[PDB]
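Given as structure tokens, the chain that follows is alone and in the form solved without the ligand.
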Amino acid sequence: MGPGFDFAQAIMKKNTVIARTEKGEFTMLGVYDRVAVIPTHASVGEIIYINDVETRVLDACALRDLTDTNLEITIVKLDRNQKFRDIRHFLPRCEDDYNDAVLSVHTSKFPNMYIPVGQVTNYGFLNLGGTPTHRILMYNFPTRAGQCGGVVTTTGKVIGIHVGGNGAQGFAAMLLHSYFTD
């Protein structure tokens, strides 16, 4: 409808795949080469389905901060025959608050879904499903099961991936440029 949705659509149409694990179907953001991200609660194994194609996992790393606290981001390298558009220049360098964010989802259940979530708070610490978690962003939208892995954008920035909710608020794990230096 506007430039927020325009930037979100541009990311969804080139930089997302549908990932399926034994824990369900997830929006999965491709960042560069064969490297993508997914919430750590997806429990990625040796094999994953990418757009319903059996795909070997070449590497999978559940990120933690230097306090050894969960970040809820898993970085996956996929045995895929095609590279993602490199979007690392749209990643923030620092933890921040944001205005006017969009959460975008693409699964079998929720295709071509875009949610204007509004103001995004650097919330920081969250007890997420019983697990102490750092670098959490919060937005005031009643997100539901099926939205995990959803991409959070502003105009010009890819800032996080949806990892949970409490029925009234939704929570995303930050994406930082420093996670994807090679």
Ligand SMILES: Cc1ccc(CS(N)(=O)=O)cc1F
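Residue numbers run from 1 along the displayed sequence.
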Higher avg CA temperature factor (27 to 35 vs 146 to 154, as deposited) belongs to 146 to 154
Avg C-alpha B-factor, entry values, 15 to 23 vs 162 to 170, higher side is 162 to 170
Of the residues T55, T40, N127, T69, the one whose Cα carries the largest B-factor in the deposited record is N127
Comparing C-alpha B-factors across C94, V105, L78, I87 in this entry, the winner is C94
Here the Cα B-factor of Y123, set against its chain, lands in the third termed highest
Sorting the chain's modelled residues by C-alpha B-factor and splitting them into thirds places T74 in the lowest
Quick tally, chain-level thirds of C-alpha B-factors: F141 sits in the highest
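Omitted from view is the form solved in complex with the ligand, to which the following refers.
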Exactly one of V44, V151, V120, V35 comes within 4.5 Å of the ligand in the bound PDB entry through a heavy atom, and that residue is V35
Contact flag, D59 vs the ligand in the bound PDB entry, heavy atom cut 4.5 Å
yes
